[PDB]
Every structure is written in C-alpha cells, then in structure tokens.
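One chain comes next, on its own, written as structure tokens: the form deposited in one PDB entry.
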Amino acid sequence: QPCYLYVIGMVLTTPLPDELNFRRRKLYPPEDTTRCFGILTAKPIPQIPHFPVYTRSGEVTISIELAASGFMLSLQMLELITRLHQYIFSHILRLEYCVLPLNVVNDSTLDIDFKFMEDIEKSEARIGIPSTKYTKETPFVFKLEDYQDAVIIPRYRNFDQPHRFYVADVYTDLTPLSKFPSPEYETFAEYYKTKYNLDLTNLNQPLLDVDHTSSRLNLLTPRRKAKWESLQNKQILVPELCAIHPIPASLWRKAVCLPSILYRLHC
C-alpha cells in the first residue's frame, strides 16, 4: 500500500504586539528553523484552506501541502515512525495516521528526518550520551550554545512526571554563589546542598531564567492557580542540575500546535 506525505507549513503571519506580550517573551517564528512536522497517510487529505493557530509568539498561519506521494516504506521504518508518533503525543504532549519530523535534505526540499528520529531513540535508549558524572577532577562545563534552542528538565525531582522549561534567559551576572531569594538560605549552592544534597563543581556558571512549556490544548481560538502561575516562572535553575531534552525548543514550540491542527483536520 502506497504512502502520502504532507508538510504542515507554519508561518508567523501576525507576531504578538508589544502591548499583549505581558509575560515579556521573546517571539519565535516557526519559519526560522527548517525542521518541522509532517503527516504520513495511506490515503489523501482533501484540499484544506489556510487557517490560524494562536500561539505565544502570535498568529501562525497553518497550511497543509503535499511533499511526496506514491512511495513505499519498509516495515522497519513504518514501525520507527509509529513509535515517534506515539512518543510525540504520549511523552512530549502527554495526551490520550502518523505525525513525523521533516527537514531539508543537504540540497530547499523537505523530507522525512530519519536521522533525528534515530537520535531521539538513541537518546531514549541512553546511547551516545555524554557524562553527567561531574567531579572536582572533571567539572561541569557550561556551553552557551547548548542552551539556546533548549528545553530543560530539573533532574533532581519529580522522577515520575518531570516538569519542562524553555530557557527564557541566561543570567551571565549570576552564579550559584549569588544570593538566594528566600531568606532561609544564603545561596543557590547552599539550597541545593541542603534541600537535595547536591554538590556543584562549577561555581562561576550562569543561572537560567525559565518559562514553562505550555499545556494549552486548543489554540484555534485567541485569548490558587494565580499564585502558582506567578511563582512558576520566577524559578531560577542551575545548568549543572538540569538535563537538556533531546527535542530542541524550536521543534517543541511547533509540537504543541499539533493537537489543534489534527483537530481541525478531523474537522
């Protein structure tokens, strides 16, 4: 049975106006990164008019366009794709035919990003992963490029249901020795040692300002829980204590649009 491949085109057609950017966020147009999402089906999708999803960066115009048709894929590849589909929905969005990542081939043309899919699996299988065994002899090294397009997860808590953040900002003028915002501790270093028995090997590293990855399911329409949402983004994280998720933030922002997009496609 032959396959159809669609590109979910995303373009930030109306960026958020400054007078609505209350949380003072940087705006990330999807068209600035080549990697994106696509749909693999066994039957065609009828022509569907361009429509808006309303995201944190503003209004993004969605278009479904055919990339490829009449090809076959091996059992193995179909299996892999099926796994990543499920991964995207269960593990990234946490929800309850195939969505898959596209990218440009070395030459403008979008195709199935197999290498990325294999990288995710490798990461998940704990294959090809750098050390997190930091000591005085082999200390944590902060690399600014690894915290550009990053989603991060504090390792040291919530083993069951890890919370996820975009790096909102890198505070180059803070370090683990900076003063802690709560009186009961003098520094970040003291906090994590006291609260979690975590040692730090790099005391000059920047700290991170975060912004929680959303959960807002329906983006087809525009715009206790008050105390939390407040405090939530006031958190400041230490790089050495946080994992970088194998999914880049650029793609994560596109992924949270999927449920609205698939909802619209089912009509």
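Residues that one form lacks are left out of the comparison. Each residue number is its position in the shown sequence, starting from 1. Think of the rigid core as the biggest set of C-alphas that the two forms share within 1.5 Å after superposition.
What comes next is about the form deposited in another entry, which does not appear here.
Listed options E190, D169, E79, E124; Cα moving by 2 angstroms or more between this form and the one not shown (core superposition): One residue passes the 2 Å cut-off, namely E124.
Please check whether, in that other deposited form, the CA atoms of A125 and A255 lie closer or farther apart than here, given a change of 3 Å or more. Those two alpha carbons end up closer in that other deposited form.
Taking the cut-off of 3 Å or more as given, in which direction does the distance between the C-alpha atoms of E124 and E79 change in that other deposited form, closer or farther? Compared with the form shown here, the C-alpha atoms of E124 and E79 sit farther apart in that other deposited form, by 3 Å or more.
Requiring every Cα in the run to move by 2 Å or more, and the run to span 3 or more residues, what stretches do you find between this form and the one not shown with the rigid core held fixed? Segments displaced between this form and the one not shown after core fit: 124 to 132, 224 to 227.
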